[PDB]
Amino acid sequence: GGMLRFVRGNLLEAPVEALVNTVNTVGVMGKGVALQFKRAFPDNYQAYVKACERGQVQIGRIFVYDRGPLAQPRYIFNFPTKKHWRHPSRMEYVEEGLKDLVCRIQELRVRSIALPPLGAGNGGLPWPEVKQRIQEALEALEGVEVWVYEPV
């Protein structure tokens, strides 16, 4: 039927198939969640740098790294919440990106996934608006467990 869950803790130790990373489109993961993802998942990071180098990372597209069929998590979903790191996030970026998140979850038969507060740290977006978008987008999903890490 589906299940969406608000939790506290550290996203990167979520017991899930797919992890959502918050990225920009300019090829650096210099702070926040993205810095932790660079440290925790170096291979994902190199692949992101390469994808940025092409022109392949843009707003409204998740950049997926497959860590292998025996990897847990198996997927890093690099979610663009910024264009340049110098500028804030925008609600639109989160709306467009959620739409692509839903597609790829289905396409990849992703059964469980965890996210942070998209755009609400270095992006400056109000959490309550971000949450709603996340709820409307993702509780819809059938046979997918969703873990959402609320801030404080």
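A residue's number is simply how far along the shown sequence it sits, counting from 1.
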item: 6-14 versus 130-138 - greater average Cα B-factor per the deposited record; value: 6-14
item: Segment of higher mean CA temperature factor, 105-113 or 91-99; value: 105-113
item: Criterion, highest CA B-factor; candidates, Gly68, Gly27, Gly124, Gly32; value: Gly68
item: Where the record places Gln36 (Cα B-factor, split into thirds across the chain); value: lowest
item: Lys83 - Cα temperature factor, lowest/middle/highest third of chain; value: lowest
item: Within-chain third of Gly55 by Cα B-factor, per the entry; value: highest
